[PDB]
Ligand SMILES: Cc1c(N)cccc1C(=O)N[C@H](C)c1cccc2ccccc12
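Only one chain is given next, in structure tokens, and it is the form solved without the ligand.
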């Protein structure tokens, strides 16, 4: 006897596609690679309990290609399988609310993802891909499994791999609307004179080399092409935040002078991030763990500051 069930296939979990499947054949033989809420069911034959359920598939016809691109804003052929593989793990993580924010209980080297997620909830940022819009909304509400899996897929990191917070933020910023953001810098060399530069989008909100927004406004020393040392300072800034980053170093964080920051303890090959947020006092969120202090010193690698419009007085 021939036995079938009805299931739906999807690439975006919104647009469904009716299918009839043969219970004597695997999903793989019928759809190609197939997933059920992250689980790889490619080598599995249909079960009775599968009737009416939704399965993710790869974009193997033009309708799915268009639906996948519109939702994710990527055409990397291994994206969906990387997203499903991550999701099968992130759906098992825990997402406690810590001081009003969605955090992540430590697992699988995910400390960099927790600090990133905590940071996002403290800065003004809108994502462009619908997939990230929808999953970030759920994450803010507490159900961050899809959002975390998407970050991993977009950053090309697997669960368990050690991640860098600045790189992760660069990827997310690439998929956000920062088109309004503008930065003007000036560089002064005693032998070469001056040169001004204007930066836009992601490059207007990120800086690598110093943690201090004030020192960026006063000036910082960088090499020049003659061998001289030149000074770079911030001429104009238009953005709702800025991110200052540097190799980890002992640094003092003062209440009320920054929004939030990342601390990294360890070495190049492995280590651990924690998150510091400046509220009524200084809170350190380490996954599910929370402590407080009136002052803070530690190896800081990123600091986030509020902004709207700044213009220098330097002449």
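Numbering follows the first chain given and starts at 1.
What comes next is about the form solved in complex with the ligand, which does not appear here.
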For the unliganded chain shown, is the site open or blocked after superimposing the ligand from its bound pose in the deposited bound form, using a cut-off of 2.4 Å to backbone and C-beta atoms and a threshold of 3 ligand atoms? open
38, 93 and 143 - do all three of these have some heavy atom no more than 4.5 Å from the ligand in the deposited bound form? no
Heavy atom contact within 4.5 Å of the ligand in the deposited bound form, the stretch among 157 to 165, 134 to 142, 234 to 242, 94 to 102: 157 to 165
Any non-hydrogen atom of residue 46 within 4.5 angstroms of the ligand in the deposited bound form: no
Mark residue 247 yes when one of its heavy atoms lies within 4.5 Å of a heavy atom of the ligand in the deposited bound form, and no otherwise. yes
Is there a heavy atom of residue 264 lying 4.5 Å or less from a heavy atom of the ligand in the deposited bound form? yes
